[PDB]
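Worksheet: one structure, shown below.
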Amino acid sequence: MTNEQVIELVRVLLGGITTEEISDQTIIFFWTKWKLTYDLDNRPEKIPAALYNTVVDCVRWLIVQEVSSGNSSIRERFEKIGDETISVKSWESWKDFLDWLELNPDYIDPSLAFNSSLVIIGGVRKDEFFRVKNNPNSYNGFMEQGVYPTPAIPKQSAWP
Amino acid sequence: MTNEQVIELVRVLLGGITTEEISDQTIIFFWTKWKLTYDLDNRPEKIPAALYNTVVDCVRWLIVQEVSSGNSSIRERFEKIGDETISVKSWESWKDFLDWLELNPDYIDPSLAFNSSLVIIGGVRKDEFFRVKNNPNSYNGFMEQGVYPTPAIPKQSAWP
Amino acid sequence: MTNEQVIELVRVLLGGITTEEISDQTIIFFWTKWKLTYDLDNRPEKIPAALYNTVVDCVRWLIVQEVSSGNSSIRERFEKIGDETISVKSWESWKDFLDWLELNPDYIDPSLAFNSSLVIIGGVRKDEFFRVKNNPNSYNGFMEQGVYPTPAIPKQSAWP
Amino acid sequence: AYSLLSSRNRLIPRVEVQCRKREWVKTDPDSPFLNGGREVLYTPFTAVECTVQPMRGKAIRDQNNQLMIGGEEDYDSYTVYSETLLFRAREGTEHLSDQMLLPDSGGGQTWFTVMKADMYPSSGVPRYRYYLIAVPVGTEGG
Amino acid sequence: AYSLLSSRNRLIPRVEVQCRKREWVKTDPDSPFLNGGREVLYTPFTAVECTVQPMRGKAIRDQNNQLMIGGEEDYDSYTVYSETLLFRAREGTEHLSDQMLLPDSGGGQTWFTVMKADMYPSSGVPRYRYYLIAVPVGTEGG
Amino acid sequence: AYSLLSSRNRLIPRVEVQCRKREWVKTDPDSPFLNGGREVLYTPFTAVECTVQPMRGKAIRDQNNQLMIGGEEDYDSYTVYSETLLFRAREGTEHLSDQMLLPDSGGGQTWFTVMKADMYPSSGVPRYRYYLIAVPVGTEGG
C-alpha cells in the first residue's frame, strides 16, 4: 500500500474521522513504524498484519489525546453570560471500542486467520509427534538416569 | 538517539503534550538517568529499554504534578462576579493510563521482547537440565548424608 | 551528595513542589537524620538508601501538615460578600501516593535492588546448607536426648 | 482569587464587534467660542468578544418605532457584555463617548453610544457590562 | 454554538400566520407636500411558524373594551414568537411597519401592527419576539 | 454568638482602599459668619479590606454620562462592604463625611463620599455596608 491509501482507508474504518481529531502526520508515523519492522516491500504477505496494527495504535493515540487535556477530567459545564445558558454533562467511549476492536479483527481485514488455534491436543498427530520426538534438545521420561548413568537408558530422544 | 529526538518522540507518544505541562528539561533529566545506568553509547541494544523507562518515568512525574497542587483535591468550582457564572467538575485519568501503559509496551517499541517467558516447566530441556546439574553450588536430593557422612554418597552434583 | 543537591533532587521528584508547601529547612532535617545513622561520608554505598528514606519522610511530613490545620477536616466552602460567590468541595491524595511510592522505589533510584528475594527455598544450596549446619548455636533433630543424655547422640551440629 | 471567570468561555458563543473613539475640535478662526464649528475625530478599533441582548420589558419608551407629531420616529437599545474596556465622556476634556456598530430592528446597521459602564475594581477579572442607545437617525450623536 | 435552538420544536404546537408589507406614495399632482394624497401599497406573505399569547396583567390600558366620552371603544394586543424576520418603519424612506392578521376578542379577525422587535445578533439562531397592537377599528393604521 | 462571620473570608478576594477624614474651619477674620472662608482639613487612612460593586439597574439617574443644557456631565456610584468603621457628618460639629478613592468609568480615579452606612448593633460582628456617590468633577464635595 502507498502512503496516500492508508489515510484514506483508516479514516473510512474509523467512521469518517476528521483531520483535527487525528492528523495525517500521526497516521504516517504509526504506518512507517510497522513498515520498517515488517519490511512490507520485501514480503507483501504482511499487508493485513501491518494494517491491523496501524489502526490499533491510532486508537491508542486517540485515547491518550483525551488525556493530557481538560476533556478527560471534566464531566460538567455551565456557561451563563446573560440570557444564554448552556449545560452538558469520548475518553471512555474510545476505551471499550479498543477492547471490542481487538476481538473483531475481521472488520479491518478478513484474511487475518483469526481464531484458528484455540484448542490444542497433543499426541494425536504424526507431524506433531515426530517433531517433538526428533528434537535434539528434547528431554522425556525415558531418560531417568537415577543414581548414576547406565548404558541401559537412552541419551537421545530420537529412535535409532 | 540524540538529546533532541527524545523530546520529539515522547511528545508524539503522549498525544502531543504541551510544553507547560511537561518541560523539556524534565524529559532530559529522566533520559540522562537511564543513559548512565545503561551506557547506551557503549551498548546500543538498550535503546528500546531506555526509551520505555523514560516514558514511564515522565508519566510518574506527571501524576505527582497534579499532587502538590490544588488540582488533585478539588472536585467542584463556582465563579460569579456578576452575571457571569461558571461551574465545572487529570490525577485520576493519569493513574489508569500508567497501569495500561505498563501492560502494553509494544505501543512504544515492538522490539521489547514482551510476554515471552510466562510458563516455565523444568526438566524438559537438555540445556537447562545440564545447567543445574553441572552447577558446583547445586545441592540435590542425592546428597542426603544422614547422621554422619559416608563415602557411599556423592558430594558433588555433576556426574564423574 | 551535598546539602544543595538534595533539595534540587527532592523538588523535581515531587513534581516541582514549592517552598511554602515544604521548606528547605525541613528537607535538611530529614536528610541530616539519615546521614548520621548511615555515615554516608564513611560508606558511599548508602547514597540510594538514604535518598529513598529522605523522600518518604518528607511525604510523611506533608500528610501531617494537612493535619494540625483546618484543611483536613473541611470538605465544603461558601463565600458570599455580595455578587461574588465561590463554592468548592490534599490529605487523602498524599495517602495513596505514599502507599504507591513504597511499592515503586525505582522511581527514586533504580539501583536499590528492590524485589529480589521474594521466594526462599531451603536445603537446595550448599552455601545455605553448610552455614546452618556449621552454626554452633544450631539445634536440629539429631540431638533428641530423650530421658537422660547418652553418648550415642551428638551434642554439636557440625560433622566431625 | 477568581480563576474560572478569568478565562474565556467555552459553551456560549461570543462575537467581536467594531468600535471607534471620538474627540472634538474647534474650527472657526475668529469665533470667540469654545464650540466654534465643532468637528469629531475618529479612530477605529474592535472588541475582543461580546454578547448583545435586547431590552427585556415593553415600556413605552423602549418600543422601536414611536409616534410623534412629526412622524414615526426610530429607537433602539441593547445590553452588552464584553472583555474590552470602553470609556464614556469626561468633562473638561476633548474626549467623547465611544461608539460601536450593531444591527438594528430595521435590518440595517447603525452606531450605538455607550451610556453606562459597570466595573468591579475589587475582583480583578476583566469582565464588563455596558448599556447602549442607538444614535438618532441622520446624525452622529453628541 | 447553539444546536438545539437552531431547529424547530417538537413538543409545543406552532402555527403559521399571514402578513403584508406596507409602503406609501404621493398622489396629488399639484400639492407641494410630501404627504399629498397618501396611499399604501401591500405585498402579502406568511410567517413560517409562530406562537401567539395575550397580555399578562389587567392594567386599565390593556383592557379590551374601553369607555370614552364617545362610546365603548376597542383595543387588543399580543406577544408573538416567530422564526420569520419582520421589520418596523424606517425614517427617510417610504417603508412602513409590517402587519399580520390574527383573531380578536370580538370573534372576528383584524390586522396587528408590529411595534417592537427583539433580536440577538451575537447568538446566531433565528428566533425573534414581537409585540403587536391591533389597528384602530375602521382604519388601516399609520 | 456568631463565629464564622467574625473572621476574614477565604474564598472571595478582597482589597484595601484609601480614605481621608474631613473637617472644616473659618478663615475670615472680620466676617460675622460661621461660614467665613471655609476650609477643609484632611487626615488620610486606609480600610482593612473592602469589596466594590456597581449599581444594579439602569435608571436614568444611575447612568454615567448625563445630558444637561450645559454639556455631558458625569456621575458614578458604588456599593461597598467593609470591615472598617466610616462615619457620616454630624450636626452642630465641625466634622464632615469620610471619603475614599476608587476607580471610575472614565479610566481615572476620584473621591467618593459616604452617604449611607449600615450597622447591626445587636449582632456584634464588625461587618458594614456603605453607599457612595462620586464627588462632582472639579470640586471637593461638601
* **Nm distances between copies for residue E:43, ranked from closest, using label points 7 Å along Cα→Cβ** => 4.5, 7.8
* Global geometry of region B:17-89, whether rounded, prolate or oblate, following the gyration tensor of its Cα atoms and the 1.5 cut on a/c -> prolate
* Determine which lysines satisfy two conditions relative to residue A:126: a Cα distance under 28 Å, and not lying fewer than 8 residues away in the same chain. => A:155, B:126
* Roughly how many Å is it from the Cα centre of region D:1-45 to that of region E:99-142, as a whole number? -> 36 Å
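Please state the charge dipole magnitude for region C:33-142, taken about the Cα centre, from unit charges on C-beta atoms (+1 on K and R, -1 on D and E), reported in debye and rounded to the nearest 20. List each step's numbers first, then the result.
Values: 14 positive and 17 negative charges, 132 e Å.
Dipole size: approximately 640 debye.
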* **Value of Rg to Rh for the protein assembly as shown (Rh from inverse mean 1/r over Cα pairs, i.e. Kirkwood)** => 1.14
* Reachable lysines from residue B:35, Cα under 18 Å, same-chain residues fewer than 8 places away excluded? -> B:46
* Report, in whole Å, the centroid distance computed from the Cα atoms of region C:125-156 and region A:1-71. => 69 Å
* To do: State the three equivalent ellipsoid semi-axes of region A:114-160, derived from the C-alpha gyration tensor as the square roots of 5 times its eigenvalues, in descending order and whole Å.
  => 30, 11, 8
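For chain E, what is the Kirkwood hydrodynamic radius in Å, using each pair of distinct C-alpha atoms?
On the way: mean 1/r = 0.0577 Å⁻¹.
17.3 Å is the Kirkwood radius here.
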* Asked: P(r) for region F:75-142: what percent of alpha-carbon pairs falls in each 5 Å bin, starting at zero?
  -> 4, 15, 25, 22, 16, 11, 5, 2, 0
* Any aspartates and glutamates with Cα under 18 Å of the residue D:26 Cα? List them, leaving off those in the same chain fewer than 8 positions away. => D:39, D:91, D:94, D:140, F:72
* Mind putting together the pair-distance distribution for region A:40-150? All Cα pairs, 10 Å bins, whole percent per bin, short to long. => 10, 20, 18, 18, 14, 11, 5, 3, 1, 0
* Structure fact -> Magnitude of the Cβ-charge dipole (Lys and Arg +1, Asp and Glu -1) of the protein assembly as shown about the Cα centre, nearest 20 debye, reported as 3260 debye
* Which entries in D:58/E:21; D:21/D:116; A:80/D:21 show an alpha-carbon gap greater than 27 Å? -> A:80/D:21
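Which value, in debye to the nearest 20, describes the size of the charge dipole of region F:86-132 about its Cα centre when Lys and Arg Cβ atoms bear +1, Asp and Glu Cβ atoms bear -1, and nothing else is charged? Walk me through the numbers before you get to the answer.
Working: 5 positive and 5 negative charges, 41 e Å.
Approximately 200 debye in magnitude.
No value in this document is a laboratory result; all are computed from the given coordinates. In this analysis, Cβ positions are derived from the backbone assuming ideal geometry, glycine residues included, and neighbour counts consider all displayed protein chains.
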